[PDB]
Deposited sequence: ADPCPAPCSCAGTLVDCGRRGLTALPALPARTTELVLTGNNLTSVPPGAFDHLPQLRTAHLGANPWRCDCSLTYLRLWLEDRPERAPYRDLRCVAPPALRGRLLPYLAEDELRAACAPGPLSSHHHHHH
């Protein structure tokens, strides 16, 4: 069962440029998720918690709001080395953090959302 707007191949789910504002329902066996070029501003805490085999998430070219709602996503991206190449998300919001990369924001800048 592959999510309606997306395309699937094996355990990979490609939702690249489908104009998504939220996550679709994902198969529990998903190992890779292509979310490049959508309209996501954040993902809810624990969004990938039911995807135990998720190894890779492509998240670039989304309008990320870099506030306290992005705490979970940052923690996911920062946990282990193999996620490093996909980790450099660019903030577009708030205007104070526009153009900044997520990994190098001091807690100071993210806490006070």
Chain regions without C-alpha coordinates, deposited sequence numbering: 1 to 2, 115, 117 to 129
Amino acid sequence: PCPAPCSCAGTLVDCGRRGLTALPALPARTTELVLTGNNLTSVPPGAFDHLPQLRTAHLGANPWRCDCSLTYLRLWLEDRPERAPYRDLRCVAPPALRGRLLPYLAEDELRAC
From here on, numbers count along this sequence of modelled residues.
Average Cα temperature factor in the PDB entry - higher stretch of 22 to 30, 78 to 86: 22 to 30
Comparing 53 to 61 with 38 to 46, the one whose average Cα B-factor in the PDB entry is higher: 38 to 46
Entry-reported Cα temperature factor of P103, expressed as the chain third it lands in: lowest
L70 - which third its CA temperature factor falls in, relative to the rest of the chain: middle
